[PDB]
file run_33.pdb (PDB, C-alpha atoms)
ATOM      1  CA  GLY A   1      15.303   7.704  16.851  1.00  0.00           C
ATOM      2  CA  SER A   2      13.175   6.319  19.673  1.00  0.00           C
ATOM      3  CA  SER A   3       9.970   6.846  17.694  1.00  0.00           C
ATOM      4  CA  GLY A   4       7.724   3.814  18.068  1.00  0.00           C
ATOM      5  CA  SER A   5       8.696   0.769  16.019  1.00  0.00           C
ATOM      6  CA  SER A   6      11.489   0.877  13.438  1.00  0.00           C
ATOM      7  CA  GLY A   7      10.152   3.130  10.698  1.00  0.00           C
ATOM      8  CA  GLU A   8      10.293   6.667   9.323  1.00  0.00           C
ATOM      9  CA  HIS A   9       7.753   8.683   7.332  1.00  0.00           C
ATOM     10  CA  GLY A  10       9.830   9.815   4.368  1.00  0.00           C
ATOM     11  CA  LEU A  11      12.240   7.110   3.233  1.00  0.00           C
ATOM     12  CA  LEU A  12       9.176   5.315   1.869  1.00  0.00           C
ATOM     13  CA  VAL A  13       9.698   6.680  -1.642  1.00  0.00           C
ATOM     14  CA  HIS A  14      13.489   6.618  -1.341  1.00  0.00           C
ATOM     15  CA  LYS A  15      13.111   2.863  -0.865  1.00  0.00           C
ATOM     16  CA  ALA A  16      11.659   0.823  -3.728  1.00  0.00           C
ATOM     17  CA  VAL A  17       8.103  -0.306  -2.986  1.00  0.00           C
ATOM     18  CA  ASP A  18       9.044  -3.766  -4.254  1.00  0.00           C
ATOM     19  CA  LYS A  19      11.408  -3.998  -1.283  1.00  0.00           C
ATOM     20  CA  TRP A  20       8.908  -2.969   1.392  1.00  0.00           C
ATOM     21  CA  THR A  21       7.733  -5.376   4.093  1.00  0.00           C
ATOM     22  CA  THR A  22       4.343  -6.455   5.436  1.00  0.00           C
ATOM     23  CA  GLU A  23       4.983  -3.665   7.941  1.00  0.00           C
ATOM     24  CA  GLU A  24       5.966  -0.755   5.695  1.00  0.00           C
ATOM     25  CA  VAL A  25       3.248  -1.801   3.248  1.00  0.00           C
ATOM     26  CA  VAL A  26       0.588  -1.148   5.886  1.00  0.00           C
ATOM     27  CA  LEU A  27       2.405   1.909   7.232  1.00  0.00           C
ATOM     28  CA  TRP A  28       2.464   3.667   3.860  1.00  0.00           C
ATOM     29  CA  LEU A  29      -1.199   2.806   3.306  1.00  0.00           C
ATOM     30  CA  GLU A  30      -2.023   3.891   6.858  1.00  0.00           C
ATOM     31  CA  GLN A  31      -1.024   7.407   5.806  1.00  0.00           C
ATOM     32  CA  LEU A  32      -3.326   7.824   2.806  1.00  0.00           C
ATOM     33  CA  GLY A  33      -6.240   7.959   5.229  1.00  0.00           C
ATOM     34  CA  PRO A  34      -7.779   6.755   8.511  1.00  0.00           C
ATOM     35  CA  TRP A  35      -9.880   4.245   6.573  1.00  0.00           C
ATOM     36  CA  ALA A  36      -6.666   2.348   5.842  1.00  0.00           C
ATOM     37  CA  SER A  37      -7.203   0.593   9.174  1.00  0.00           C
ATOM     38  CA  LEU A  38     -10.259  -1.023   7.587  1.00  0.00           C
ATOM     39  CA  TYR A  39      -8.041  -2.817   5.071  1.00  0.00           C
ATOM     40  CA  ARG A  40      -4.736  -3.047   6.937  1.00  0.00           C
ATOM     41  CA  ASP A  41      -6.076  -6.225   8.542  1.00  0.00           C
ATOM     42  CA  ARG A  42      -6.295  -7.762   5.069  1.00  0.00           C
ATOM     43  CA  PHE A  43      -2.734  -6.620   4.368  1.00  0.00           C
ATOM     44  CA  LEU A  44      -1.243  -8.248   7.465  1.00  0.00           C
ATOM     45  CA  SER A  45      -3.290 -11.453   7.411  1.00  0.00           C
ATOM     46  CA  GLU A  46      -2.471 -11.891   3.722  1.00  0.00           C
ATOM     47  CA  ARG A  47       1.127 -10.942   4.509  1.00  0.00           C
ATOM     48  CA  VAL A  48       0.753  -8.574   1.555  1.00  0.00           C
ATOM     49  CA  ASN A  49       4.305  -7.305   1.064  1.00  0.00           C
ATOM     50  CA  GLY A  50       5.522  -4.458  -1.125  1.00  0.00           C
ATOM     51  CA  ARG A  51       6.505  -6.626  -4.081  1.00  0.00           C
ATOM     52  CA  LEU A  52       2.956  -7.988  -3.937  1.00  0.00           C
ATOM     53  CA  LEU A  53       1.393  -4.577  -3.310  1.00  0.00           C
ATOM     54  CA  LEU A  54       2.717  -3.379  -6.668  1.00  0.00           C
ATOM     55  CA  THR A  55       1.518  -6.477  -8.520  1.00  0.00           C
ATOM     56  CA  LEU A  56      -2.014  -5.932  -7.221  1.00  0.00           C
ATOM     57  CA  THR A  57      -4.059  -4.066  -9.829  1.00  0.00           C
ATOM     58  CA  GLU A  58      -7.366  -2.191  -9.745  1.00  0.00           C
ATOM     59  CA  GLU A  59      -9.066  -5.549 -10.294  1.00  0.00           C
ATOM     60  CA  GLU A  60      -7.214  -7.642  -7.713  1.00  0.00           C
ATOM     61  CA  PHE A  61      -8.101  -4.932  -5.194  1.00  0.00           C
ATOM     62  CA  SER A  62     -11.771  -5.103  -6.184  1.00  0.00           C
ATOM     63  CA  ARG A  63     -11.539  -8.893  -5.964  1.00  0.00           C
ATOM     64  CA  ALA A  64     -11.692 -10.872  -2.719  1.00  0.00           C
ATOM     65  CA  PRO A  65     -10.629 -11.269  -0.149  1.00  0.00           C
ATOM     66  CA  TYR A  66     -10.036  -7.516  -0.315  1.00  0.00           C
ATOM     67  CA  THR A  67     -13.163  -7.199  -2.456  1.00  0.00           C
ATOM     68  CA  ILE A  68     -12.624  -3.464  -1.995  1.00  0.00           C
ATOM     69  CA  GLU A  69     -16.221  -2.402  -2.630  1.00  0.00           C
ATOM     70  CA  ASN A  70     -15.064   1.215  -2.867  1.00  0.00           C
ATOM     71  CA  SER A  71     -13.396   2.759  -5.918  1.00  0.00           C
ATOM     72  CA  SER A  72     -12.144   5.817  -4.035  1.00  0.00           C
ATOM     73  CA  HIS A  73     -10.162   3.357  -1.916  1.00  0.00           C
ATOM     74  CA  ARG A  74      -8.513   1.858  -4.998  1.00  0.00           C
ATOM     75  CA  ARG A  75      -7.826   5.293  -6.482  1.00  0.00           C
ATOM     76  CA  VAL A  76      -5.981   6.273  -3.302  1.00  0.00           C
ATOM     77  CA  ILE A  77      -3.819   3.145  -3.266  1.00  0.00           C
ATOM     78  CA  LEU A  78      -3.105   2.789  -6.985  1.00  0.00           C
ATOM     79  CA  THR A  79      -2.413   6.518  -7.269  1.00  0.00           C
ATOM     80  CA  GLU A  80      -0.231   6.908  -4.179  1.00  0.00           C
ATOM     81  CA  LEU A  81       1.537   3.730  -5.297  1.00  0.00           C
ATOM     82  CA  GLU A  82       2.364   5.219  -8.698  1.00  0.00           C
ATOM     83  CA  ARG A  83       4.204   7.881  -6.700  1.00  0.00           C
ATOM     84  CA  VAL A  84       6.224   5.821  -4.220  1.00  0.00           C
ATOM     85  CA  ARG A  85       7.000   3.374  -7.026  1.00  0.00           C
ATOM     86  CA  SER A  86       7.920   6.024  -9.595  1.00  0.00           C
ATOM     87  CA  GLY A  87      10.850   8.144  -8.457  1.00  0.00           C
ATOM     88  CA  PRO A  88      12.725  11.105  -9.979  1.00  0.00           C
ATOM     89  CA  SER A  89      13.703  10.783 -13.641  1.00  0.00           C
ATOM     90  CA  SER A  90      16.733  13.082 -13.668  1.00  0.00           C
ATOM     91  CA  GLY A  91      17.185  13.004 -17.431  1.00  0.00           C
TER      92      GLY A  91
END
call {"tool": "encode", "arguments": {"input": "run_33.pdb", "output": "structure tokens"}}
result
Amino acid sequence: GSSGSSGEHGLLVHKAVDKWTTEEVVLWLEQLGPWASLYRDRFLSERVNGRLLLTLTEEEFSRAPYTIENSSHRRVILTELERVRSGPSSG
């Protein structure tokens, strides 16, 4: 509807993370916690898109520029990612 910019909190998973955009990428991460705003800047500047968000591993995250000097932060991203990326099996 007329809710802020074009985006909904739910279709995230329904839509492959490898198809997300520099926008959705930050939006999904901006939900894991309020601290996401401390990294979001690095996501936009680096135009880190979904396809790239998935490629990024525990290391990459700990490596600059992100140099995420906080494990907890990586655990939140990597984990949450494993969810949005991995959908229902149905088998």
call {"tool": "closest_residue", "arguments": {"input": "run_33.pdb", "among": "A:62, A:90, A:48, A:84", "to": "residue 15 in chain A", "atoms": "all atoms listed in the file"}}
result
A:84
call {"tool": "closest_atom_pairs", "arguments": {"input": "run_33.pdb", "of": "range 21-70 of chain A", "to": "range 5-8 of chain A", "cutoff": "9 Å", "atoms": "only C-alpha atoms", "output": "JSON lines"}}
result
{"residue": "A:23", "atom": "CA", "partner": "A:7", "partner_atom": "CA", "distance": 9.0}
{"residue": "A:24", "atom": "CA", "partner": "A:7", "partner_atom": "CA", "distance": 7.6}
{"residue": "A:27", "atom": "CA", "partner": "A:7", "partner_atom": "CA", "distance": 8.6}
call {"tool": "atom_distance", "arguments": {"input": "run_33.pdb", "atom1": "CA of residue 85 in chain A", "atom2": "CA of residue 61 in chain A"}}
result
17.3 Å
call {"tool": "closest_residue", "arguments": {"input": "run_33.pdb", "among": "A:11, A:26, A:16, A:32", "to": "residue 73 in chain A", "atoms": "all atoms listed in the file"}}
result
A:32
call {"tool": "residues_around", "arguments": {"input": "run_33.pdb", "residues": "residue 52 in chain A", "least_positions_apart": "2", "cutoff": "12 Å", "atoms": "only C-alpha atoms", "output": "PyMOL selection string"}}
result
chain A and resi 17-22+25+43+46-50+54-57+60-61+81
call {"tool": "atom_distance", "arguments": {"input": "run_33.pdb", "atom1": "CA of residue 14 in chain A", "atom2": "CA of residue 28 in chain A"}}
result
12.5 Å
call {"tool": "axis_aligned_box", "arguments": {"input": "run_33.pdb", "around": "range 57-60 of chain A", "padding_each_side": "3 Å", "output": "JSON"}}
result
{"center_x": -6.6, "center_y": -4.9, "center_z": -9.0, "size_x": 11.0, "size_y": 11.5, "size_z": 8.6}
call {"tool": "closest_residue", "arguments": {"input": "run_33.pdb", "among": "A:76, A:2, A:51, A:88", "to": "residue 30 in chain A", "atoms": "only C-alpha atoms"}}
result
A:76
call {"tool": "atom_distance", "arguments": {"input": "run_33.pdb", "atom1": "CA of residue 86 in chain A", "atom2": "CA of residue 31 in chain A"}}
result
17.9 Å
call {"tool": "closest_residue", "arguments": {"input": "run_33.pdb", "among": "A:4, A:45, A:40, A:78", "to": "residue 58 in chain A", "atoms": "all atoms listed in the file"}}
result
A:78
call {"tool": "decode", "arguments": {"input": "run_33.pdb", "residues": "range 65-84 of chain A", "atoms": "N, CA, C and O atoms", "output": "short mmCIF file (atom, residue, chain, number, x, y, z; two decimals), in the first residue's frame"}}
result
data_model
loop_
_atom_site.label_atom_id
_atom_site.label_comp_id
_atom_site.auth_asym_id
_atom_site.auth_seq_id
_atom_site.Cartn_x
_atom_site.Cartn_y
_atom_site.Cartn_z
N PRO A 65 36.10 -3.70 3.95
CA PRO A 65 35.94 -2.53 4.82
C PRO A 65 35.06 -2.81 6.03
O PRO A 65 35.22 -2.20 7.08
N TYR A 66 34.13 -3.74 5.87
CA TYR A 66 33.22 -4.11 6.95
C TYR A 66 33.98 -4.35 8.24
O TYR A 66 33.57 -3.90 9.31
N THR A 67 35.09 -5.07 8.14
CA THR A 67 35.91 -5.38 9.30
C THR A 67 35.05 -5.55 10.55
O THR A 67 35.45 -5.15 11.65
N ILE A 68 33.88 -6.15 10.38
CA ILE A 68 32.97 -6.37 11.50
C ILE A 68 33.71 -6.92 12.71
O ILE A 68 33.89 -8.13 12.85
N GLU A 69 34.14 -6.03 13.60
CA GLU A 69 34.86 -6.42 14.80
C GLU A 69 33.89 -6.89 15.89
O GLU A 69 34.05 -6.55 17.06
N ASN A 70 32.88 -7.65 15.48
CA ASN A 70 31.89 -8.16 16.42
C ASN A 70 31.25 -9.44 15.90
O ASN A 70 30.44 -9.41 14.98
N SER A 71 31.63 -10.57 16.49
CA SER A 71 31.10 -11.87 16.09
C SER A 71 29.57 -11.85 16.09
O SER A 71 28.94 -12.10 15.06
N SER A 72 28.99 -11.56 17.25
CA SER A 72 27.54 -11.51 17.38
C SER A 72 26.89 -10.94 16.13
O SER A 72 25.87 -11.45 15.65
N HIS A 73 27.49 -9.88 15.59
CA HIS A 73 26.97 -9.24 14.39
C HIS A 73 26.95 -10.22 13.21
O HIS A 73 25.98 -10.29 12.47
N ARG A 74 28.04 -10.96 13.06
CA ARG A 74 28.16 -11.93 11.98
C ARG A 74 27.18 -13.09 12.17
O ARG A 74 26.58 -13.57 11.22
N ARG A 75 27.03 -13.52 13.42
CA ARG A 75 26.13 -14.62 13.74
C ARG A 75 24.69 -14.26 13.38
O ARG A 75 23.92 -15.12 12.94
N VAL A 76 24.33 -13.00 13.57
CA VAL A 76 22.99 -12.53 13.26
C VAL A 76 22.74 -12.52 11.76
O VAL A 76 21.68 -12.95 11.29
N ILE A 77 23.71 -12.02 11.01
CA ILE A 77 23.60 -11.96 9.55
C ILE A 77 23.63 -13.35 8.94
O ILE A 77 22.66 -13.80 8.33
N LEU A 78 24.76 -14.04 9.10
CA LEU A 78 24.92 -15.39 8.57
C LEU A 78 23.70 -16.25 8.89
O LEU A 78 23.11 -16.86 8.00
N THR A 79 23.34 -16.30 10.16
CA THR A 79 22.19 -17.09 10.60
C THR A 79 20.93 -16.68 9.85
O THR A 79 20.39 -17.45 9.06
N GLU A 80 20.46 -15.47 10.12
CA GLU A 80 19.25 -14.96 9.47
C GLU A 80 19.29 -15.24 7.97
O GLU A 80 18.27 -15.57 7.37
N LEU A 81 20.47 -15.09 7.37
CA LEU A 81 20.63 -15.32 5.94
C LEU A 81 20.30 -16.77 5.58
O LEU A 81 19.61 -17.03 4.60
N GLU A 82 20.80 -17.70 6.39
CA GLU A 82 20.56 -19.12 6.16
C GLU A 82 19.07 -19.42 6.15
O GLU A 82 18.64 -20.47 5.66
N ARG A 83 18.28 -18.50 6.70
CA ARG A 83 16.83 -18.67 6.76
C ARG A 83 16.17 -18.13 5.50
O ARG A 83 15.46 -18.86 4.80
N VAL A 84 16.41 -16.86 5.21
CA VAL A 84 15.83 -16.22 4.04
C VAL A 84 16.30 -16.91 2.76
O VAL A 84 15.57 -16.96 1.77
#
